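Source file: query.pdb. Holds: PDB, N, CA and C atoms.
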```pdb
ATOM      1  N   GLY A   1     -71.107 -99.022 -66.940  1.00  0.00           N
ATOM      2  CA  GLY A   1     -72.296 -99.153 -66.109  1.00  0.00           C
ATOM      3  C   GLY A   1     -73.557 -99.199 -66.952  1.00  0.00           C
ATOM      4  N   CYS A   2     -74.631 -98.608 -66.433  1.00  0.00           N
ATOM      5  CA  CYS A   2     -75.913 -98.558 -67.126  1.00  0.00           C
ATOM      6  C   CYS A   2     -75.756 -98.144 -68.586  1.00  0.00           C
ATOM      7  N   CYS A   3     -74.946 -97.118 -68.820  1.00  0.00           N
ATOM      8  CA  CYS A   3     -74.899 -96.519 -70.143  1.00  0.00           C
ATOM      9  C   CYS A   3     -74.168 -97.400 -71.164  1.00  0.00           C
ATOM     10  N   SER A   4     -73.520 -98.464 -70.679  1.00  0.00           N
ATOM     11  CA  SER A   4     -72.850 -99.435 -71.542  1.00  0.00           C
ATOM     12  C   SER A   4     -73.742-100.638 -71.823  1.00  0.00           C
ATOM     13  N   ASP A   5     -74.920-100.661 -71.198  1.00  0.00           N
ATOM     14  CA  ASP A   5     -75.933-101.690 -71.439  1.00  0.00           C
ATOM     15  C   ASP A   5     -76.987-101.088 -72.358  1.00  0.00           C
ATOM     16  N   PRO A   6     -77.115-101.589 -73.599  1.00  0.00           N
ATOM     17  CA  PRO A   6     -78.015-100.926 -74.561  1.00  0.00           C
ATOM     18  C   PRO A   6     -79.449-100.697 -74.062  1.00  0.00           C
ATOM     19  N   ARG A   7     -79.993-101.664 -73.336  1.00  0.00           N
ATOM     20  CA  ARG A   7     -81.344-101.534 -72.803  1.00  0.00           C
ATOM     21  C   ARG A   7     -81.419-100.426 -71.741  1.00  0.00           C
ATOM     22  N   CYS A   8     -80.453-100.459 -70.826  1.00  0.00           N
ATOM     23  CA  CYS A   8     -80.411 -99.477 -69.748  1.00  0.00           C
ATOM     24  C   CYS A   8     -80.172 -98.080 -70.306  1.00  0.00           C
ATOM     25  N   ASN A   9     -79.288 -98.027 -71.300  1.00  0.00           N
ATOM     26  CA  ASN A   9     -78.956 -96.792 -71.990  1.00  0.00           C
ATOM     27  C   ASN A   9     -80.209 -96.204 -72.646  1.00  0.00           C
ATOM     28  N   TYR A  10     -80.926 -97.024 -73.415  1.00  0.00           N
ATOM     29  CA  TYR A  10     -82.178 -96.589 -74.030  1.00  0.00           C
ATOM     30  C   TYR A  10     -83.157 -96.020 -72.993  1.00  0.00           C
ATOM     31  N   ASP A  11     -83.296 -96.729 -71.871  1.00  0.00           N
ATOM     32  CA  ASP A  11     -84.247 -96.331 -70.811  1.00  0.00           C
ATOM     33  C   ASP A  11     -83.798 -95.128 -69.971  1.00  0.00           C
ATOM     34  N   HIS A  12     -82.522 -94.745 -70.074  1.00  0.00           N
ATOM     35  CA  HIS A  12     -81.993 -93.637 -69.276  1.00  0.00           C
ATOM     36  C   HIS A  12     -81.267 -92.560 -70.105  1.00  0.00           C
ATOM     37  N   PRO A  13     -81.987 -91.910 -71.036  1.00  0.00           N
ATOM     38  CA  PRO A  13     -81.343 -90.926 -71.915  1.00  0.00           C
ATOM     39  C   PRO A  13     -80.811 -89.699 -71.179  1.00  0.00           C
ATOM     40  N   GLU A  14     -81.405 -89.336 -70.047  1.00  0.00           N
ATOM     41  CA  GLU A  14     -80.958 -88.171 -69.293  1.00  0.00           C
ATOM     42  C   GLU A  14     -79.588 -88.432 -68.669  1.00  0.00           C
ATOM     43  N   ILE A  15     -79.482 -89.544 -67.947  1.00  0.00           N
ATOM     44  CA  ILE A  15     -78.236 -89.945 -67.298  1.00  0.00           C
ATOM     45  C   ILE A  15     -77.144 -90.269 -68.307  1.00  0.00           C
ATOM     46  N   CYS A  16     -77.521 -90.843 -69.451  1.00  0.00           N
ATOM     47  CA  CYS A  16     -76.517 -91.306 -70.408  1.00  0.00           C
ATOM     48  C   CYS A  16     -76.225 -90.297 -71.514  1.00  0.00           C
ATOM     49  N   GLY A  17     -77.004 -89.221 -71.541  1.00  0.00           N
ATOM     50  CA  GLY A  17     -76.956 -88.250 -72.616  1.00  0.00           C
ATOM     51  C   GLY A  17     -75.787 -87.289 -72.583  1.00  0.00           C
ATOM     52  N   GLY A  18     -75.090 -87.228 -71.455  1.00  0.00           N
ATOM     53  CA  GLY A  18     -73.863 -86.454 -71.386  1.00  0.00           C
ATOM     54  C   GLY A  18     -72.794 -87.189 -72.167  1.00  0.00           C
ATOM     55  N   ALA A  19     -71.907 -87.856 -71.448  1.00  0.00           N
ATOM     56  CA  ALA A  19     -71.058 -88.859 -72.070  1.00  0.00           C
ATOM     57  C   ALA A  19     -71.518 -90.219 -71.554  1.00  0.00           C
ATOM     58  N   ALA A  20     -71.856 -91.117 -72.473  1.00  0.00           N
ATOM     59  CA  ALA A  20     -72.231 -92.472 -72.091  1.00  0.00           C
ATOM     60  C   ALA A  20     -70.974 -93.253 -71.723  1.00  0.00           C
ATOM     61  N   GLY A  21     -70.911 -93.731 -70.483  1.00  0.00           N
ATOM     62  CA  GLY A  21     -69.752 -94.470 -70.013  1.00  0.00           C
ATOM     63  C   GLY A  21     -70.114 -95.813 -69.401  1.00  0.00           C
ATOM     64  N   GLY A  22     -69.307 -96.251 -68.443  1.00  0.00           N
ATOM     65  CA  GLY A  22     -69.468 -97.566 -67.838  1.00  0.00           C
ATOM     66  C   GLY A  22     -70.743 -97.734 -67.036  1.00  0.00           C
TER      67      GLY A  22
END
```

Step by step, read the file and then write its structure as structure tokens.
Amino acid sequence: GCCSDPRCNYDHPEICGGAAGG
């Protein structure tokens, strides 16, 4: 998901900061 998209991942460190997944 978001966390697998580098741009989205960069913009969402809180959501992706646990384990970054789909």

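Atom pair atom CA of residue 1 of chain A / atom CA of residue 14 of chain A has a distance of 14.3 Å (rounded to one decimal).
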
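Between atom N of residue 21 of chain A and atom CA of residue 2 of chain A there is a distance of 7.7 Å.
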
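With atom N of residue 18 of chain A on one side and atom CA of residue 4 of chain A on the other, the separation reads 12.4 Å.
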
Subject >> Test item, alpha helix (DSSP H) assignment across chain A, answer as a PyMOL selection string >> reply: chain A and resi 6-11+13-16

Should you be able to, write chain A of this structure into a file that contains C-alpha atoms, as a PDB file, in the first residue's frame.
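Produced file part33.pdb, reproduced below:
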```pdb
ATOM      1  CA  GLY A   1       0.000   0.000   0.000  1.00  0.00           C
ATOM      2  CA  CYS A   2       1.093   3.555   0.800  1.00  0.00           C
ATOM      3  CA  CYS A   3       4.200   2.367   2.597  1.00  0.00           C
ATOM      4  CA  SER A   4       5.417   0.524  -0.530  1.00  0.00           C
ATOM      5  CA  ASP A   5       5.235   3.764  -2.548  1.00  0.00           C
ATOM      6  CA  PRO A   6       8.420   5.757  -1.803  1.00  0.00           C
ATOM      7  CA  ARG A   7       6.674   9.137  -2.073  1.00  0.00           C
ATOM      8  CA  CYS A   8       3.720   8.084   0.070  1.00  0.00           C
ATOM      9  CA  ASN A   9       6.082   6.417   2.520  1.00  0.00           C
ATOM     10  CA  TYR A  10       8.170   9.597   2.847  1.00  0.00           C
ATOM     11  CA  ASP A  11       4.996  11.670   3.424  1.00  0.00           C
ATOM     12  CA  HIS A  12       3.576   9.239   6.027  1.00  0.00           C
ATOM     13  CA  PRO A  13       6.345   8.370   8.538  1.00  0.00           C
ATOM     14  CA  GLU A  14       3.867   7.808  11.395  1.00  0.00           C
ATOM     15  CA  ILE A  15       1.747   5.241   9.537  1.00  0.00           C
ATOM     16  CA  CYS A  16       4.759   3.598   7.891  1.00  0.00           C
ATOM     17  CA  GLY A  17       7.130   3.793  10.849  1.00  0.00           C
ATOM     18  CA  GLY A  18       5.956   0.589  12.480  1.00  0.00           C
ATOM     19  CA  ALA A  19       6.477  -2.040   9.845  1.00  0.00           C
ATOM     20  CA  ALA A  20       6.323  -0.606   6.330  1.00  0.00           C
ATOM     21  CA  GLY A  21       4.112  -2.914   4.272  1.00  0.00           C
ATOM     22  CA  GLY A  22       1.773  -2.952   1.284  1.00  0.00           C
TER      23      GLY A  22
END
```
